[PDB]
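Below sits a lone chain in structure tokens, taken as the form deposited in one PDB entry.
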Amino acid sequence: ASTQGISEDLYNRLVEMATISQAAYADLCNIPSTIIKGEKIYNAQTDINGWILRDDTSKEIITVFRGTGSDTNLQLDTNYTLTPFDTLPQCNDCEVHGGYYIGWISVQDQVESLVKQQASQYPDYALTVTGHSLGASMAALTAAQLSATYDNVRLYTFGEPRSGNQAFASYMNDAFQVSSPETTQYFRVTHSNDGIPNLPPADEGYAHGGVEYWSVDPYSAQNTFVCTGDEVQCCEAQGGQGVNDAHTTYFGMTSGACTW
């Protein structure tokens, strides 16, 4: 359930996608120059904002969701009602976040048309879904959906809320090889006493998935714990409340905007 320290390469990929998630709050700020910016993801009734990127130097298609940046996004945040994840039958007995399901159904067609449009050109490329805060959960619902059709799908999240019940957790765990940290393709990154991945309350049947990568201060790869199994530990053990400095800044990069 816990070991300290991760490879540099691994730490760098984490810091690397953590830079894309925060860059989304602006206009994909100083993101790696190896990647090409694709089409914008938008729906004005929910204010979901995302992007489709492609790295012709790395060989992957990346989908990035911007987190909460408006009151409309805030209305999706506070809704803790569970609802059948009717878009994915496969997921046996799953239910996901209420407000996040409102957002997901509002971009699914867009994301799936935009994603296949890129894959059908590069069947070679692997799919990656990343995001911070609500953007982070949006990426989970997305990855889950996508991964039922494509195979090589990775997922990196930062400050991810509890998006779903145990039925959904164990679904992601099977589909993303969480059984072990040498095969995991779902990286649930948490920071210090970030109190966001603690909501919504688990007393309500919510539950986390993926393999937890715990970051302590100072950042570092030597200061990142690999947390697994099911019990209280790491980020959940610090009991942060909600929306705190630990949340907004990841690996020393604030959502607010650029400095990287």
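From 1 onward, residues are counted along the sequence shown.
Just so it is clear, the following notes concern the form solved in complex with a small molecule, a form of the same protein that is not shown.
- Item | Whether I196, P218 and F225 all lie within 4.5 angstroms of the small molecule in the bound PDB entry by heavy atom | So, yes: the whole triplet contacts the small molecule.
- Message: Within 4.5 Å, heavy atoms only, one stretch in 145-153, 113-121, 174-182, 97-105 touches the small molecule in the bound PDB entry. Which?
- Response: Of the options, only 97-105 has residues within 4.5 Å of the partner.
- Message: Under a 4.5 Å heavy atom criterion, is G67 part of the interface with the small molecule in the bound PDB entry?
- Response: Close contact exists here: in the bound PDB entry, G67 approaches the small molecule to within 4.5 Å, heavy atoms only.
- Going by a heavy atom distance of 4.5 Å, is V243 a contact of the small molecule in the bound PDB entry? Judged by the heavy-atom cut-off of 4.5 Å, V243 is in contact with the small molecule in the bound PDB entry.
- Task: Although the small molecule is absent from this view, report whether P161 comes within 4.5 Å of it in the bound PDB entry, heavy atoms only.
- Result: Yes, contact at 4.5 Å.
- Taking heavy atoms only, is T130 within 4.5 angstroms of the small molecule in the bound PDB entry? Taking the distances in the bound PDB entry, the answer for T130 is no, it never comes within 4.5 Å of the small molecule.
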